[PDB]
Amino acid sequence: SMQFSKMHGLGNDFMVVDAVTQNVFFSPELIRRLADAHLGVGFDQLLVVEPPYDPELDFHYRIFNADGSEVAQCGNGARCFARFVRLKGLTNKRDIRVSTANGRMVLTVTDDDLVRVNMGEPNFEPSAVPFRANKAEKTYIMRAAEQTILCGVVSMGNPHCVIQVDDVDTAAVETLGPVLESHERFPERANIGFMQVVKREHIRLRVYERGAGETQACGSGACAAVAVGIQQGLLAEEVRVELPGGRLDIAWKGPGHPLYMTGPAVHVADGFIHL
């Protein structure tokens, strides 16, 4: 009986498997069988915890989708991994060093059982977003269709354009999102975020992702909207962010420092399945 847990993070449902103390090989055929909600377990994504490849790291973990393919999205599933290895007694560390398909990270489990990720230092140089603009500013003007708007632009690995709305339920997400996502001044498109500032330390936000549109949880967008609000002088050094998928908490001391993202992971169930 192979044991597993179901967990939830970033509005995403994970099947999580300890393949450190269990001998399991995840062929694509087994993965698709496990993704079947009636023959197997059913999951959005499968998180497999493995022994490390490097003697200096604690674990390696992989993420597979329902088709049986390995998925390499940076930071994906990090919060549920860190809590899972602690919940299951695979480690007692609070700073867990782990390798993924996108490299290695150091994950910190805070004493409130939240997981903090170092997302690096945001980059506002329009050359590296990439953005058609002569030099970096705290705000840019862009004529979008029959409407002139203001925005900040930053890259966190991926391009981001953030604009301030005064409520996100009253936001023109479906009419405005696509127009600036594929705007001529974004040669590689960009994730557009609609940021309703409730307080210098509190924000609501919806995000029109680059290729997908509105996902209920996009971590890089929350990082971007807080990075710009700080650089624009509108926000405190530590901001709460509320998205349709849940709440994140960003922290960043400004240029020269790395930005930190902290989020929850919910342990919803444990289970058995005979393979």
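Each residue number is its position in the shown sequence, starting from 1.
For the two regions 112 to 120 and 136 to 144, the entry's Cα B-factors average higher over 136 to 144. A summary of the deposited B-factors shows that, of 89 to 97 and 152 to 160, the stretch with the larger mean C-alpha value is 152 to 160. As recorded in the PDB entry, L180 shows the highest C-alpha B-factor of the residues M105, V71, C80, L180.
Looking only at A217, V49, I31, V226, the residue with the top Cα B factor in the deposited structure is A217. Among all modelled residues in this chain, the alpha-carbon of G40 has a temperature factor (C-alpha) in the middle third.
Among the modelled residues of its chain, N65 has a C-alpha B-factor that falls in the lowest third, as given in the PDB entry. When all modelled residues of the chain are sorted by CA temperature factor, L235 is found within the highest third. In this PDB entry, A212 carries a Cα temperature factor that places it within the highest third of its chain's modelled residues. In the PDB entry, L259 places in the middle third of its chain by CA B-factor.
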